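Visitor: So I pulled this structure from the PDB, and the sequence comes with it:
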Amino acid sequence: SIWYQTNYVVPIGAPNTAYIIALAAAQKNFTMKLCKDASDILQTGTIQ
Amino acid sequence: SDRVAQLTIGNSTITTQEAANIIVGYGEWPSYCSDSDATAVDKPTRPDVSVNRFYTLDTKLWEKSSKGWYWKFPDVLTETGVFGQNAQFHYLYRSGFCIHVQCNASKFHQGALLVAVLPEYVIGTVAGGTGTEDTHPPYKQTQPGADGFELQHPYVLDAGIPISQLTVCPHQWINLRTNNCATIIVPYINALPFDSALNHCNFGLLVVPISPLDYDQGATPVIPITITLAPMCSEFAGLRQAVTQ
Amino acid sequence: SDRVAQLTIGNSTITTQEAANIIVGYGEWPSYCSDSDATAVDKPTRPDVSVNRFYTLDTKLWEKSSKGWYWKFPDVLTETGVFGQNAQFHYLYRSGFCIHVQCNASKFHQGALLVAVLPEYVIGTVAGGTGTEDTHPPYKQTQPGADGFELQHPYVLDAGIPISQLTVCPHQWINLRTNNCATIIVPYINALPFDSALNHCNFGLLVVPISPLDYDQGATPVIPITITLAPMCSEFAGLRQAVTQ
Amino acid sequence: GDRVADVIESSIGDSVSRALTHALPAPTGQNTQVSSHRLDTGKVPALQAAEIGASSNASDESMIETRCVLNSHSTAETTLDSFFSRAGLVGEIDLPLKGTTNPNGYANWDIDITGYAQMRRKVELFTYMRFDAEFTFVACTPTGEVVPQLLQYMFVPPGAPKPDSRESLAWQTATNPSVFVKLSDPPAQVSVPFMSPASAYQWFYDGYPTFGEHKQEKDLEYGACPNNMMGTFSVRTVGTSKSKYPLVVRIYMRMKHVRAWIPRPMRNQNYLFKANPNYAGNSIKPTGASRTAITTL
Amino acid sequence: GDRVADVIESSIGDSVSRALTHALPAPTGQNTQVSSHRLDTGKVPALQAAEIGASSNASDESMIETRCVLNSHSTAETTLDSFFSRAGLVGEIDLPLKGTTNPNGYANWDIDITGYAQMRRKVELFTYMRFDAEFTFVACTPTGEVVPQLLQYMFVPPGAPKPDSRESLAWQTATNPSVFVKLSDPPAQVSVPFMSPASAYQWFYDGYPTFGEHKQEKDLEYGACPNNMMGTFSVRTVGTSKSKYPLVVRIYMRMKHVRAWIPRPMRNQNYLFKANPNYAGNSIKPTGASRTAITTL
Amino acid sequence: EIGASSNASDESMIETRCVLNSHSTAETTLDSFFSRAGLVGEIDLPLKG
Amino acid sequence: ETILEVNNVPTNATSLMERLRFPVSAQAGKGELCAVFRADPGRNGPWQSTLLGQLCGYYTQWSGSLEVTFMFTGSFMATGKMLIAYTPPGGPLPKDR
Ligand SMILES: CCO/N=C/c1ccc(OCCCCCN2CCN(c3ccncc3)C2=O)cc1
Ligand SMILES: CCO/N=C/c1ccc(OCCCCCN2CCN(c3ccncc3)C2=O)cc1
């Protein structure tokens, strides 16, 4: 959860709304196991 | 390289890109009570990471007419997290504190807050105005909890003493054009090795605007001041049932 | 010299002058989780003396017609003292236990209680009597708290298994003509290094009369059975707000 | 750095669990030693105190005069692998033609071996078990006939799409393991590793899988531990048209490389459901045969 | 014994408080060094950042061209003992003949020195103080006359019976210390040790002495710390009949062997009561003199 | 903006304990991920079609 | 690192790009909530936009710590302090800061 600790402050002349972009990844202690098929199958009918 | 900082303790981390160094009150770091200073015989409990962490307790709005506020320690935390539980279940308590007061604005706002720590901050009353009435401050004013309390007469710190000399105490200033936070580390201060977290407040935290907040019409007018603090080297002893006061 | 004993842990001490030794479940003492068995990365909190102490939680009255009772661990303690607070504020928990069941009478009373510890004590229902209804035991029956719960059909331990074989689990007997207490030490038992103190009960404590209480008219008829227990090597991790379930 | 004495002399953090007992080699039954008559005061082997919780330590030698017997009877057949590494029925799948259940030529079996009493009672002697296994699949028609039909078996781990028909795209099986075999071929057979997220599977879980209020409608999840749910086993006749024959697939499991912990009382009431230890309350029977009097055979 | 790494590398228990500063000998004021002109970029002594919380480190030498001055001005008169070891009035006791207050020839004085502003303001510069003291008792009539009268002064520690009359049995003084002296003798004088149960007395105690609800009627005890209450000082004319003269006893205190901690702002509003820092709200005055404009003297 | 991923680790963001991690990375090698047979073609040889 | 679609609400074609970023703006200092999301990487939701979430879909089990880096794209003159919290299992959605 993300909360306002204080506030977004800006002077006269700058936009009152701005955006945040979030980038995610795993740390170096991350591993995966038990190979399986993905939940999606990106095809409706036959691919021609 | 003195303006940038990271405070990590327990499972909490604070960052700042406009700091003004760090003050270590009276020049000494918090430490546990030695075997020769101690007097109580039971083995203490030292919870470590579950109580020595940052707690963000309150936010006040700084206004052109604000007078200033104060909070009492350890009162502000007696009802919060694992720290509070330990303070309630135990008769004896001791700890240091890392206080981090936050307030950011813009390069077009101005103002300066004096942030100080005053040990044994005893509150006085106006004695019925004429000084003939021997009134006393009510519990909600001496131990305001997490909401803190607003000063009635900041010039005399509601205690008959000059705020002009408050800088003789560990302090920092939040001068908007310079920094956006104050960080003060305080060791345990008392004439006893341990004491009650409920009956006795070791010190008060004062945040008072000395140079009033100002900005031009159109700039963000809501300028919050947030209080975050972390107990350090907490120790508890004299276990029994939980008591709130 | 085997009949006499003193158990001291934290600020609590238990004495007995009619013991029958002490059982150390599965032959091993409680210990903290090693760095290679562990998986969670945060530094744990190990409160020590404030949580590893004796708690006297409940007293039941033994009667000529009693069927027996059970309590679940750590459920019995989740709402008591500093231990409970830690179990509520943390996701992860682990600990061992020292269980001391007490029951004294007179050299003219008789009867025998089987006191045992059964890991992963899953409760079953009578399936609507006919066995065609797939009923399930309600929360108050699977995690009865400190009051424990009375067995409906002790012969099958309310789970389709013979109480006649319960002695394959760590146990002691309280045979009135011999001893007035049972002491069992249990190490942490689970397939994981830490787990939730709220969602999972590692084991159940069963106290069941196998040889019924008896005495002649005129002898004290009120024979209590008291449950006292102490967590050992308690560790907690995954701190956040307190949660009761 | 530390300094106050109680911290220095602390045992907080000891990770080595002190064990009061240790294993000894025992390939054969114990021998019997020659013993003679003992007429002593003070020495009393026959007297015990069951209250302590231990079993009697009295031996043949001290209760009667014994001869010497060199016992070379093996203890090998009672090891966990000897007891468990014998394949038994744990699942059955029906693929009928015109039926109520699977009239679509495919079926999804939830991997749970608790539907059969023989096997279930054996594993439930222990609380925690860790093991690898060999699964064998025996297929034939309901009369035991063998027909020229091709099948596909696919292991669908939790999170992988379960086929919803004989023609589901999921049978492309690009990552899941599948086995293609004819009913006429010998039974298909594969090795399965220990797949739980936990260090061991557990036949009993006294708790709930999630937090929250555990109200009436959720009590079906008491005792459910995801660490035991390994997934789905799906089977289909390989084709776009319905098969000409009704099939039955019997699933046999043979555990190997077994480790077990915490023994418990063995089931003495009939099993009713897979997910729980429910017993029929109106038919609680004694564990064994009974007689008319304690003084007669 | 310990074993998990986090316990071994723990600092829990460190009792040695690391100090960032240390005292240096300073018997005289600092000297001034010769300095010359500096015309540098990068070096900037005059610029500071008061926000940090420290005082300016700029010195004479770097702000102007200075000569050398060998300063031998002593710093001895500003030590705590120099400042405090001067006797001042801290109590006054009246023993009138026909009066309102003590018309019985005896009086009990509560040992509290906060009733006199000069002394009080000085000690209140510090939060905690530990010291021994020399008390002197000056007695005479209201006109300053000396009469041939014998008095008895008795120190009554907390818990000892306070005399309730000139003839109280408590004056037997078998254990309490008493002083018998004539008004004609020089002022009585004694040494008093540091008697608190705490390591230091404290002029400010932000708290309550007991647990419980701190309702209106109990707010008089806010700030009251028993560690500061050393007892009662009782005085009586020694006799069974009323004295012929009215007396006044002035009590002077001279601290010695002083230690003090935590300095604080000095009182800038008149004192009203002994027990608290109450000030008259309608008369809050500036700390000092004022002028009409900031641009004029 | 630099284009690199964060180099912040658990150790510097919270107080951590020691954990000896022996979880294998073998199943995420290219051969582990790809060496599993999957359908890639289908051919029909009907009678009357 | 790949972009996490915290703002996974818009669904019409012309607004799809808005899922890649979420807003912050001047408030009324009541420590208001800005956004929330489950940390579960292999679950339906925001993580599906990440390469981690997708690769994660080819495995049944995972283990390890994760990291989310937030980049502020407001003007240079804008300032502010945000509190980002991770609530381990068992703790319900925090009602307040
Ligand atoms: C090409 C496909 O071939 N794969 C076949 C296959 C066979 C078995 C398989 O996994 C078998 C795992 C058996 C685990 C049985 N357990 C573990 C514990 N448990 C359980 C059941 C009910 N309550 C508690 C635990 C179980 O039922 C996976 C694939
Ligand atoms: C034969 C009798 O002679 N004894 C004389 C005597 C004189 C002084 C005496 O004790 C003097 C102790 C002075 C301590 C004054 N303090 C300690 C701190 N304190 C205080 C007062 C109000 N608020 C906080 C602290 C004080 O008023 C005992 C005996």
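Guide: Nice, I can see it. Numbers count the residues shown, from 1 in each chain, chains lettered A, B, ... in the order given. Ligands and ions are numbered 1, 2, ... in the order given.
Visitor: So what does the nearest residue to residue B:33 once chain neighbours are set aside have for phi and psi?
Guide: Distances taken as C-beta to C-beta, 6 or more residues apart in numbering or on different chains place residue B:193 nearest to residue B:33, at 4.9 Å, with adjacent residues excluded. For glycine as for every other residue, the C-beta is placed from the backbone atoms N, C-alpha and C. Backbone geometry at residue B:193, expressed as degrees, to the nearest 10, gives phi -70, psi -30.
Visitor: dump the residue contacts of residue B:193.
Guide: B:33, B:37-40, B:94 (C-beta atoms under 8 Å, 6 or more residues apart in numbering or on different chains).
Visitor: 10 Å - rerun?
Guide: Residue B:193 makes contacts with B:33-34, B:36-40, B:92, B:94, B:235, B:237, E:199, as judged by C-beta atoms under 10 Å, 6 or more residues apart in numbering or on different chains.
Visitor: Excluding chain neighbours, what is closest to residue 38?
Guide: Looking at chain A here, since you left the chain open. In space, residue A:38 is closest to residue G:57, 4.1 Å off (C-beta to C-beta, 6+ apart).
Visitor: try chain B instead
Guide: Nearest residue to residue B:38, sequence neighbours excluded (C-beta to C-beta, 6+ apart): residue B:193, at 5.3 Å.
Visitor: ok, the residue nearest to residue B:33 to residue B:83 distance?
Guide: When C-beta to C-beta, to the nearest Å is applied, the distance between residue B:193 and residue B:83 equals 19 Å.
Visitor: what does residue G:71 give?
Guide: Distance of residue G:71 to residue B:83, given as C-beta to C-beta: 34 Å.
Visitor: higher neighbour count, the two?
Guide: residue B:83 (25 against 13; other C-beta atoms under 10 Å in any protein chain shown).
Visitor: is it true that the more buried one touches residue B:54?
Guide: No. Counting by C-beta atoms under 10 Å, residue B:83 stays clear of residue B:54, with 11.1 Å between them.
Visitor: Overlap in contacts, the two.
Guide: By C-beta under 10 Å, 6+ apart, the residues touching both residue B:83 and residue B:54 are B:230-231.
Visitor: Same question for the nearest residue to residue B:136 once chain neighbours are set aside, what's its three-state structure.
Guide: Of all residues beyond its chain neighbours, the one nearest residue B:136 is residue E:219 (4.1 Å), with distances taken as C-beta to C-beta, 6+ apart. Of the three states, residue E:219 takes helix under DSSP: H, G, I helix; E, B strand; the rest coil.
Visitor: residue contacts, residue E:219?
Guide: Residue E:219 neighbours (C-beta under 10 Å, 6+ apart): B:125, B:135-139, B:141-142, E:208.
Visitor: what about burial for these, which qualify?
Guide: In the contacts of residue E:219, burial by neighbour count holds for B:125, B:135-137, B:139, B:141-142, E:208, counting by 16 or more other C-beta atoms under 10 Å in any protein chain shown.
Visitor: for those, which one is nearest residue D:240?
Guide: Among the buried ones among the contacts of residue E:219, residue B:139 lies closest to residue D:240 (C-beta to C-beta), at 82.2 Å.
Visitor: longest strand in chain G, by residue count?
Guide: Counting residues, the longest strand in chain G under DSSP state E turns out to be strand G:66-72.
Visitor: close to chain C, is that strand?
Guide: No. Strand G:66-72 does not reach chain C (C-beta under 10 Å from any C-beta of the partner chain); its nearest approach is 11.9 Å.
Visitor: Parallel or antiparallel, which strands does that strand pair with?
Guide: Here strand G:66-72 is paired, per DSSP bridges, with strand A:17-26 (antiparallel).
Visitor: Buried residues in the partner strand, which are they?
Guide: A:18-20, A:22-26.
Visitor: and of the residues you listed, the nearest to residue C:3?
Guide: Lowest distance from residue C:3 to the buried residues of strand A:17-26 (C-beta to C-beta) belongs to residue A:26, with 59.6 Å.
Visitor: need the contact list for the closest one.
Guide: So residue A:26 contacts A:32, F:5, G:1, G:41, G:50, G:52, G:55-56, G:62-67 (C-beta under 10 Å, 6+ apart).
Visitor: Using the three-state scheme, assign residue G:15.
Guide: Secondary structure, three-state DSSP: residue G:15 is helix.
Visitor: Quick check: the gap between it and chain C.
Guide: 35 Å (C-beta to the nearest C-beta, to the nearest Å).
Visitor: How about residue B:29?
Guide: On the measure of C-beta to the nearest C-beta, residue B:29 and chain C end up 20 Å apart.
Visitor: can you check residue G:33 too?
Guide: For residue G:33, the distance to chain C - C-beta to the nearest C-beta - is 15 Å.
Visitor: So that residue sits against residue G:84, correct?
Guide: No. Residue G:33 is beyond contact range of residue G:84, at 11.7 Å (criterion: C-beta under 10 Å).
Visitor: Please consider this matter closed, and thank you.
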